[PDB]
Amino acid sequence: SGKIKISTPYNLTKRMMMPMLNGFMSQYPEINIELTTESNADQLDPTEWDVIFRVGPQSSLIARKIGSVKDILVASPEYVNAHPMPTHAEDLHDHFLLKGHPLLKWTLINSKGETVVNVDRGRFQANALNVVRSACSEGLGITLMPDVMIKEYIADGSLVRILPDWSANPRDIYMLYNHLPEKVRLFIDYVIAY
């Protein structure tokens, strides 16, 4: 009762959650927040958390869509100017690939509906996407990255979208909960009105 216990998706927490959480704590200094970045919330016990933030639908919980994310393929211009870029999703077998959990398996769908799966062993493989982006920035190959994690790179041009007819299918980010304590109710109200 002395805190709010929340769970957020692993790679996406800092970009899509922290501005909201900072603005809430700023407005409510009396409220304490306990945050746990989670790699997969499918094995979560909802009776142990006040609010759960999750990628993709999940039970008898109040679900609220608050955003979506689409994974795109990117590479640095240095890499693009040093290799012939793939014209089809199958050409990625002949390229340096950088893969990060949970996107070790690339399921890519194009504009006319064809699905192409890549299970190649990456030249760099990590259980976190922020270091994969770091390796993609120094021109080490192509990666599949959530667009929200590389928004400023795409706008600036330090990363370039490659194979632009392809992407993983978008997923929605939900906020779940469930007599409700006041501080938890105030937080849910804050998120809805963000």
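Quick note: we count residues from 1 along the sequence shown, nothing fancier.
The modelled chain is continuous from residue 13 to residue 14, with every intervening residue of the deposited sequence accounted for. Going from residue 58 to residue 59, you skip over 1 to 3 residues of the deposited sequence that the entry leaves unmodelled. Looking at 145 to 153 and 39 to 47 together, the entry lists the larger mean B-factor for 39 to 47, computed on C-alpha atoms. Of the two segments, 73 to 81 and 105 to 113, the one listed with the higher mean B-factor is 105 to 113 (C-alpha atoms only). Per the deposited record, the Cα B-factor of residue 63 falls in the highest third when ranked against the other modelled residues of its chain. In the deposited entry, the Cα temperature factor of residue 98 places it in the lowest third of its chain's modelled residues. The entry lists a Cα temperature factor for residue 175 that places it in the middle third of the chain's modelled residues. Annotation for residue 167: CA B-factor lies in the middle third of the chain's modelled residues.
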